[PDB]
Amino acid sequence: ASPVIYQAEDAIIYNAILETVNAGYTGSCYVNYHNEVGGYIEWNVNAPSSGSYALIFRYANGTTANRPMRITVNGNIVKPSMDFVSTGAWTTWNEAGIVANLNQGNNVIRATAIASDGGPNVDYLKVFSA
């Protein structure tokens, strides 16, 4: 499959902000989680058919500590604590990925900060669906 990129600029967010400070993001911005628990980002992701899809986040984590997130798909928690480990700098971007089942149609995919320092900075969500 070819990737479909769900850009930060198009995200639905909570206790998080669209930011452009740190170089190396793609599109027009990335999302920042406000250095606290509970914020999220979410997109409406089309699946042309039911099955397994790769969900890849491009992110930065300029701290030394893991910033894990809960991944929810259509209201069900598919990954209670997905790791987002240090990338070494706020300007160094890496990828983290999982596989999840999507339904034919729209899928609401959310990444929620579960740790006290919030989520990493997230560039986009890439889904191998096309």
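Just count from 1 along the sequence shown to find any residue number.
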Stretch with the higher entry mean CA B-factor, where the candidates are 32-40 and 75-83: 32-40
48-56 set against 61-69, stretch whose average Cα temperature factor tops the other in the entry: 48-56
Whose C-alpha has the highest temperature factor in the PDB entry: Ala113, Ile12, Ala16, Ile109? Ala16
For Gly24, the third of its chain into which the C-alpha B factor falls: highest
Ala89's Cα B-factor: lowest, middle or highest third of the chain? highest
Against its chain's modelled residues, does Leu125's Cα B factor rank lowest, middle or highest third? lowest
